[PDB]
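Heads up, the chain shows up twice below as structure tokens, two forms, tagged structure 1 and structure 2.
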Structure 1
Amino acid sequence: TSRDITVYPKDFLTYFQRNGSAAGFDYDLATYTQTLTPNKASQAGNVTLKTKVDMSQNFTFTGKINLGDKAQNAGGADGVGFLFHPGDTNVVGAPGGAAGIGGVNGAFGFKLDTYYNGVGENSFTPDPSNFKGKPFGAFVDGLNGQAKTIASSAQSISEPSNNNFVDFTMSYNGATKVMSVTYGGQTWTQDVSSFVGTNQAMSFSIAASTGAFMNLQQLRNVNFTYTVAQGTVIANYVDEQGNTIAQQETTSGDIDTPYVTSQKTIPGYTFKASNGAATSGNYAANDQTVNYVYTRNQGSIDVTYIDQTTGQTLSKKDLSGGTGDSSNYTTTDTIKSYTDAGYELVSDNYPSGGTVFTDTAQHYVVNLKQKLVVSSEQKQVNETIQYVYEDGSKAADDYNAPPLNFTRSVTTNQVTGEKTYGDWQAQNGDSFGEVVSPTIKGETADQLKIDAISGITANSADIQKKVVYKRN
């Protein structure tokens, strides 16, 4: 790769960032020395690596470490921790009995512990009992956040004395996944594959701390040859309420190397914004996340209710919902409403099996007409001639003349009330005939005939007449 580099003492600070105590002390380019903690109490200072490390590839770390001038008995603490973890390049471990390895998740390393911590805190498990008051060099399991010393790797080291620099070496094999540490003639080896696991990129921190006891702790002549791990970009395709709606898109590539992310076209959904990182840019050591946020596509359906008679809209219902969901609408209720007020349904193009919201808008029409009930009107004009004597007794049988019937058509508007009365039509005619009055022997009728009466109209009043017979 192009990522095989070699950090010289000359360019230490170019790849390493002094943090905590260490920030108050210049890198003396004469001696090639970085103070981590001074001889003061309660200190905490480290160097973090600017990049991460390819744990599929081989690295070698060469330097000298001063652990200080005092042993634990003389008031000397706490040691130098070497931390490897998968998260942030700027995350470092807890001081004290945590050695700069505890209190980080997925953490592992090698410590130089110049103080015996017998007491258990959340950040760290007691130090190996077989090293009470004695200084030791060991591997640490920091994965569950709690730094646990691997008692199998715990050997003794020379007590810090006269601020002397002892030669340190940490080597790693990519495929073996095997760490080889060498501090002044003592040698360690561990297979870290149970720690490195899937993560082939781990951030590198070299920490130092003091407490109630203290010690000047410093690094000199640093030579790190490693393969710099490549940066990641994550792209997440999510709805407005965070739910993932398309498979995310992890992508790795060298640092300061362009990255490009894709606006996905997602059925049912429309791109709103990209929160988080840019959609494009350059790859970096800590990993950047761009989230594409989608709005759930909403469909239209209108159902216009028209009065054909007036050619005027009674009601328009607007429906809106997500593309795929049911409107749960039926015309029947709104139809009924109008049919109660005396409308008649002519047409309904709205599906009886209900609708569903679609990306294309839907338009439906229900046509009603003002109902018209065709009544029949009837009227009869009748003529009666009574034939009586002068005592009012019946002389002859009443003449009921063939009645003149009349028929109209009424049309009642079941909405407005308006009645549309037709043309008064004579079924039998307009003429009431002349009626020659019966001849009674030995009498004379006052009217010997009733004269024919024409122009009878539908509202003409019934003709009533009386023929009186006088004796002789």
Structure 2
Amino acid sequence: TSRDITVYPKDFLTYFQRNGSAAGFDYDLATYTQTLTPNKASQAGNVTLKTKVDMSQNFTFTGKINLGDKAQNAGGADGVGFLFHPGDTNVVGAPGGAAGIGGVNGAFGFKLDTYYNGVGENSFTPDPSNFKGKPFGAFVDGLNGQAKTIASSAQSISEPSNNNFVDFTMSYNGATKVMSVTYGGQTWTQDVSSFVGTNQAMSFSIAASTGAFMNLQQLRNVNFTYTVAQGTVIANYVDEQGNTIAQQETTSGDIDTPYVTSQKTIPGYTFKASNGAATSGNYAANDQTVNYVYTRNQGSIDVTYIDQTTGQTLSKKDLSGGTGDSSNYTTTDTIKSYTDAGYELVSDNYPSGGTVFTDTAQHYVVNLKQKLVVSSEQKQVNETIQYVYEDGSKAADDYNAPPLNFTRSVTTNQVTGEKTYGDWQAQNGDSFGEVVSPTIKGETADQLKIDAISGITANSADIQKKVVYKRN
């Protein structure tokens, strides 16, 4: 590959980051020596690799390790750990029994344990009982966070003595997935495929730890030949409330080589903003993540009610929801309310099957008019002539003249109450007849005829007359 590099002893600080206690000590370029811990108590120091490692390529790690001058019995602690995890380059494991492996997830590697921890806690499972107070080198399974020492790898090592540097070698076949560690004519082997999984890019941390007991722990003449793993960009396509609304796009590439991400076009949604990384940039050692946030496309429906009679808006129900939600709305009730008030439905554009919000607006109309009830008014003007004697006794039957009837339409607006009368129309005529007063033998009428009367209007008063007969 083009990312196949060999870390030289003089460029150590280029590819490795002194962290913790280690940051107090400069790299001595005469010896090529990096202190991890000094010979003081409760110290922690490490170097982290600035990149990650393609675990689908071969790597060869060479150097010398000073484990100190004291052994456990003389007050010597805690050892040096080599950490392999998939998380952040700048993460390191817990000190003590965790040996700088435990406390990280998906964590494996090699310890040189210069202190026996029989009492276990969360960071680490007790050290193998067969190595009570004895220096040993092992492989560690820190996948579940808790560093477990594999007793099948548990081998003794030489006690830290007069601050001496023993040769260390860690070799790795990309294709076998087998790790080979040599420390002063003790060798280790293990298939690490059960750990690398699929990640094929792990962070590397060499980490020393003192506690109550101490030791100078130091590194010298570090030769790392490995393939720089390539950076990942994750792009998530999520709604406003975090729920994912389109498949994610995990695109990988060589560090410091460009990356691009696509603003997906999502049915039912419109792009709002891109929280997180740039949508465009350069690949980097750690995972970068750009989140595309989308808004839920919202539909309009407005159902206007109109009083035709006035050409005035009665009521207007604005509805808004999500492109494809039902509205669950029916006119029927709002219609009723107007109909009961004396209105009359004309038309209803509102679909019978509720409705559904769409990316385009809907506008429906309910046409209502003030009802009008047509009645009839009738009025009658009569004429009566009473034929009587001087004592009031009837001389002759009362004449009721042919009645003069009159009709008018009455339109009552069932909303305003406003009664629009039509006109008075004469059914019978406008004029009452002449009535010649009957002749009675041996009597004389005070009026021998009642004259015909013209100009009868529907408001006219009923005519009442009285003819008195006198004897002779």
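The first residue in the sequence of structure 1 is number 1, and each one after it adds one. The term rigid core refers to the maximal set of C-alpha atoms that superpose within 1.5 Å between the two forms.
### Query
Of 414, 62, 447, 39, which is the single residue whose C-alpha shifts by 2 angstroms or more between structures 1 and 2 after core superposition?
It is 447; the other listed residues stay below 2 Å.
### Core fit, then residue 191 C-alpha moves 2 Å or more between structures 1 and 2
Stays below the 2 Å threshold, so no.
#### Entry: Large Cα shift (2 Å or above) at residue 28 between structures 1 and 2, core-fitted
No, shifts by less than 2 Å.
### CA of residue 312, rigid core aligned, shift of 2 Å or more between structures 1 and 2
Residue 312 C-alpha, core-superposed: shift of less than 2 Å.
### Query
Where the rigid core has been superposed, how far does the Cα of residue 395 end up moving between structures 1 and 2, given in Å?
Superposing on the rigid core gives a C-alpha shift of 4.4 Å for residue 395.
### Message
Could you tell me the distance the CA of residue 464 travels between structures 1 and 2 after a rigid core superposition, in angstrom?
### Response
That residue's C-alpha is offset by 3.4 Å.
### Query
If you line up the core, how far does the Cα of residue 359 move between structures 1 and 2, in Å?
Looking at the C-alpha of residue 359 between structures 1 and 2, the offset is 0.3 Å.
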